[PDB]
Amino acid sequence: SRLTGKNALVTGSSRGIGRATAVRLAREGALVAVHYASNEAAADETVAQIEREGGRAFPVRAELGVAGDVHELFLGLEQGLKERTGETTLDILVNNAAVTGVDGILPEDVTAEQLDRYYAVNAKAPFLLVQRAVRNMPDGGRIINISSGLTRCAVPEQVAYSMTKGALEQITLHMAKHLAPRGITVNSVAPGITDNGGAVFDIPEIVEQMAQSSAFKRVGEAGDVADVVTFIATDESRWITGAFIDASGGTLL
Amino acid sequence: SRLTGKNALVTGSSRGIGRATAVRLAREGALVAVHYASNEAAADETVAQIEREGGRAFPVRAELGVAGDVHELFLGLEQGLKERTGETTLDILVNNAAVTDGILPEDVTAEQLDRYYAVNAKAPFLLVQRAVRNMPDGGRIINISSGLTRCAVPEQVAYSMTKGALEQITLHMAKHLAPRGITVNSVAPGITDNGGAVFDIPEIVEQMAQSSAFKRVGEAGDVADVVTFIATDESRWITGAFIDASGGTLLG
Ligand SMILES: NC(=O)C1=CN([C@@H]2O[C@H](COP(=O)(O)OP(=O)(O)OC[C@H]3O[C@@H](n4cnc5c(N)ncnc54)[C@H](OP(=O)(O)O)[C@@H]3O)[C@@H](O)[C@H]2O)C=CC1
Ligand SMILES: NC(=O)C1=CN([C@@H]2O[C@H](COP(=O)(O)OP(=O)(O)OC[C@H]3O[C@@H](n4cnc5c(N)ncnc54)[C@H](OP(=O)(O)O)[C@@H]3O)[C@@H](O)[C@H]2O)C=CC1
C-alpha cells in the first residue's frame, strides 16, 4: 500500500496498458481517475475491477485532441476528486492515452490529417495536460509519459506515430528539469509490443512473429508494463527523473 | 517481503551504496552475502544491522582484481549459503564494489588503468560468468555504473572507461541470458553520500549538490531503492537497460 492517500489520473485507462496501470495504482491505495474517450463500458469495467479488488476509482470522459479537451477532463477529475476526498490534489499523472494502431501507415500513404490527429492526441494533449496538472500537484508528485520503443527502433509503417512519441519524450526531458525544484519527477516508460486485448493478439501466428521482437521471445502483457509504471509512481523512484525507462522485454538490444 | 526465499550477493556491501542495498534486499526477505575487501568491521556492521532488522546475512571477504578473486569469493559465498539453506542457489548478483577527485588525463598511468579495469570491469564480467552457474531462471544481475558514462569530466576518464566497459556487460549479457529469464541492467548513480569524509564538509557538499537537478547530493538509499526494485519480480520486463538513478544529473 505504497500510494495510500494519493490521487492518480491514468489517461486512456478503459483498456490495455492504461487499465492494467489503473488497476495496479489502485491496489497500492491510490484513488484513480479512469479516463477514456468513448468506450464507456470498458471504462466502467476498469472501475468495476478496482472496486471489487477493494480500491477506489471513477470514470472521466474526455476526447483528447479537440478544443476544450483538457478543460473537460479536469472538470470531471476535480468533481470526482472533491466528492471523494474534499480536495482536488493530483499526485500522479500518467499520460497513457494515444492514437495507437496495429495497422500502421506506410510513409507514402500518410495524410496531413493523420499527422495532425497523432500530434494532437499523442504530443500536444500530454503537454497541455502536464501544464494543467501541475497546478494541482504537490511537491513530490509524479508525471509518467508512456512512450514506445519505436523511438529507438526503425519501423517505417509507424513513422507518423513515432514522430509523436519523439515529441512526447522531449516533454520528459525538458519538464523534468523545469519541475525538479518542486520535487516532481517526470519520466518516460517505453513499452514494446504489448497485448492490449486487440484482435491481433487472438491470431497465434501473428503473435509468434511479434514475439520475436523481444529478447524473451514473448509479447508483453499489459501488466509487465504497468508494473514498471507503478514503481515509478512510488516514493522509491524519487531519484529517477528525466529518464527513458525501457519496459520492452529486451526489444531495444 | 518481495524477496522471501532468495539469496543475494552484493559486492562491496560493507559500506556506502552497497551497504544500503544489502540492507534493503534483506528487508525484503533475501539472505544477503555482504562482500568486502578488507574492512571486516564495516561488513560485520552491515550484517548486524540486517540481523537487528529481522533479516539474514553473512560476510564474505575477497579482494577483487587479483588472481583467485572469484574463487575466493565463491568459496565463502557457497559455504555460507549451504550452511544456511542447504543449497548454493544465487538469485541476485549486484556488481557494486569498485575503485571510485579523479586523475587528470596527463597523470593517468598504465598501472592505474590496469587497477581500475581489474576491479571495475574485468571482475564484474568474471563474477557474472561464475554466478550464472548457481542462478535459477528468473534471476537478476545488476551492474552499478555511473552517470559519468554520459557526462564529460576529464579527471574521470580512467574511471569512466571502466564503467563504459561495465555497461557493455549489461547490453550483451542481457541478450545472452534472456532465454533463462535472467535480467541484466545497469543502475547509474550520480554523486552519492557514501559516508566518506568529504560528505562531512558542508561547503564541498553544497558544490557537489549543484550537479543534481534537485540540488542535493544523493543518499545511498536513493540509489539502493532503485537497485532493490530491479531485484524484484516486477522489473521482469526491464533488461539490457540503463537506469538513471542520478537525481537528474544528466539534465545539466
Ligand atoms: N504494443 C502496445 O500495446 C504498445 C503501446 N504503447 C503505448 O502504450 C499506451 C497504451 O497503449 P495500449 O494499451 O495499446 O492502447 P489501447 O489502444 O489499447 O487503448 C487506448 C486508450 O487510449 C484512449 N484514447 C485513444 N484515443 C483517445 C483520444 N483521442 N482521447 C482520449 N482517449 C483516447 C482509449 O479510450 P477508449 O477506450 O475510449 O477508446 C483507451 O483508453 C499508448 O501510449 C501507446 O502508444 C507503446 C508501445 C507499444
Ligand atoms: N558518488 C558515488 O558514491 C558514486 C558511486 N558510484 C558507484 O557506486 C558503487 C558503490 O560506490 P560507493 O558506495 O561510493 O563505494 P565505497 O567506496 O563507499 O565502497 C566501496 C565498497 O567496495 C569494496 N571494494 C572496493 N574495492 C574493492 C576491491 N578491490 N575488491 C573488493 N571489494 C572492493 C569496499 O570494500 P571495503 O569496505 O573492504 O574497502 C566497499 O564495500 C561503485 O560501483 C561506484 O563506482 C557511481 C557514481 C557515483
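Remember, it's 1-based here, ligands and their atoms both numbered in the order they're listed. Protein chains get the first letters and strands the later ones, always in sequence-line order, with residue 1 at the start of each. Side-chain atoms are counted along with the backbone in the values below, which use heavy atoms only and exclude waters and symmetry mates.
For B:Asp244 and B:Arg150, the salt-bridge test fails: no basic side-chain N is under 4.0 Å from an acidic carboxylate O. A salt bridge links B:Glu45 with B:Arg19: at least one charged nitrogen is closer than 4.0 Å to a carboxylate oxygen. Classification of A:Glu78 and A:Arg132 as a salt-bridged pair holds, one side-chain N sitting under 4.0 Å from a carboxylate O.
In this structure a side-chain-to-backbone donor-acceptor pair under 3.5 Å is missing from A:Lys165 to A:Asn122. One N or O on the side chain of A:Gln158 and one on the backbone of A:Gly101 form a donor-acceptor pair closer than 3.5 Å. The main-chain N or O of A:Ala243 is found under 3.5 Å from a side-chain atom of A:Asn187 such that the two form a donor-acceptor pair. Put simply, the side chain of A:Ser237 gets close to the backbone of A:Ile232: a donor and an acceptor are under 3.5 Å apart.
With a 4.0 Å cut-off on non-hydrogen atoms, B:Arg19 does not touch ligand 2 at all. With a 4.0 Å heavy-atom cut-off, ligand 2 is reached by the backbone of B:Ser14 and by its side chain too. Contacts between A:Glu40 and ligand 1, counted as non-hydrogen atom pairs separated by less than 4.0 Å, are absent for every part of the residue. Only the side chain of A:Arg117 comes within 4.0 Å of ligand 1, counting heavy atoms alone; its backbone N, CA, C and O stay farther away. Residue-level proximity to ligand 2 for B:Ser145 is carried by the backbone, the only part with a heavy atom below 4.0 angstrom.
No more than 12 heavy-atom neighbours from other residues, nucleotides or ligands sit within 6.0 angstrom of OH on A:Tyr119. Around atom CE of A:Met163, no more than 12 heavy atoms belonging to other residues, nucleotides or ligands sit under 6.0 Å away. In this structure, A:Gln209 places its CD atom where more than 12 heavy-atom neighbours from other residues, nucleotides or ligands lie under 6.0 Å away.
Atoms of ligand 2 lying under 4.0 Å from any heavy atom of B:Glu63, numbered from 1 in the order shown and given with element: 28 (C), 29 (N), 30 (N). Each of the atoms 36 (P), 37 (O), 38 (O) of ligand 2 lies under 4.0 Å from some heavy atom of B:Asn39. Ligand 2 places these atoms under 4.0 Å from at least one heavy atom of B:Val119: 29 (N). Per-residue contacts place B:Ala97 under 4.0 angstrom from the following atoms of ligand 2 (heavy atoms of the residue considered): 22 (O), 23 (C), 24 (N), 32 (N), 33 (C). For ligand 1, the atoms lying closer than 4.0 Å to a non-hydrogen atom of A:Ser38 are 38 (O). Ligand-side atoms of ligand 2 in range of B:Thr100: 42 (C), 44 (C), 45 (O), range being under 4.0 angstrom from any heavy atom.
Annotation: atom 1 (N) of ligand 1 to nearest protein heavy atom, A:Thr194 N, 2.9 Å. Nearest protein heavy-atom contact of atom 10 (C) of ligand 1 is A:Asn96 OD1, 3.3 Å. Protein heavy atom at the shortest distance from atom 14 (O) of ligand 2 is B:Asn194 ND2, 2.9 Å. Scanning all protein heavy atoms for the shortest distance to atom 45 (O) of ligand 2 gives B:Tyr159 OH, 2.7 Å. Protein heavy atom at the shortest distance from atom 25 (C) of ligand 2 is B:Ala98 O, 3.4 Å. Given atom 17 (O) of ligand 1, the protein heavy atom at minimum distance is A:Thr100 CG2, 3.5 Å. Of all protein heavy atoms, the one lying nearest to atom 26 (N) of ligand 1 is A:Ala98 O, 3.6 Å. With respect to atom 13 (O) of ligand 1, the closest heavy atom belonging to the protein is A:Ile17 N, 2.8 Å. Atom 28 (C) of ligand 1 has its closest protein heavy atom at A:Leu64 N, 3.8 Å. The protein atom (non-hydrogen) at minimum distance from atom 34 (C) of ligand 1 is A:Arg15 NH2, 3.7 Å. Remark: minimum distance from atom 8 (O) of ligand 1 to any protein heavy atom is reached at A:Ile146 CG2, 3.4 Å.
Residue contact check for ligand 2: B:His35 places a non-hydrogen atom closer than 4.0 Å to it. Within the structure, ligand 1 has A:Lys165 among the residues with a heavy atom less than 4.0 angstrom away. For B:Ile191, the heavy-atom gap to ligand 2 drops under 4.0 angstrom.
Residues B:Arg24 and B:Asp225 meet the side-chain proximity criterion, which asks for heavy atoms closer than 4.5 Å. You'll find the side chain of A:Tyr161 reaches within 4.5 Å of the side chain of A:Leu150, heavy atoms only.
In the model, B:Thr170 has a side-chain atom that pairs as donor or acceptor with a side-chain atom of B:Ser186 under 3.5 Å. B:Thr192 and B:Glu219 are not linked by any side-chain donor-acceptor pair at a separation below 3.5 angstrom, with hydrogens and angles left out of the test. No side-chain donor from either of B:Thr46 and B:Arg15 sits under 3.5 Å from a side-chain acceptor of the other.
Nearest to atom 27 (C) of ligand 1 by heavy-atom distance, out of A:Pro191, A:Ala37, A:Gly220, is A:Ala37. Between the choices A:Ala120, A:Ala62, A:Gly192, A:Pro59, the shortest heavy-atom distance to atom 48 (C) of ligand 1 belongs to A:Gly192. Considering only non-hydrogen atoms, atom 23 (C) of ligand 1 lies nearest to A:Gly12 out of A:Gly12, A:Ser13, A:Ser248.
The side chain to side chain contact (heavy atoms under 4.5 Å, CB included) test with B:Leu64 is passed by exactly one of B:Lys122, B:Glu72, B:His35: B:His35.
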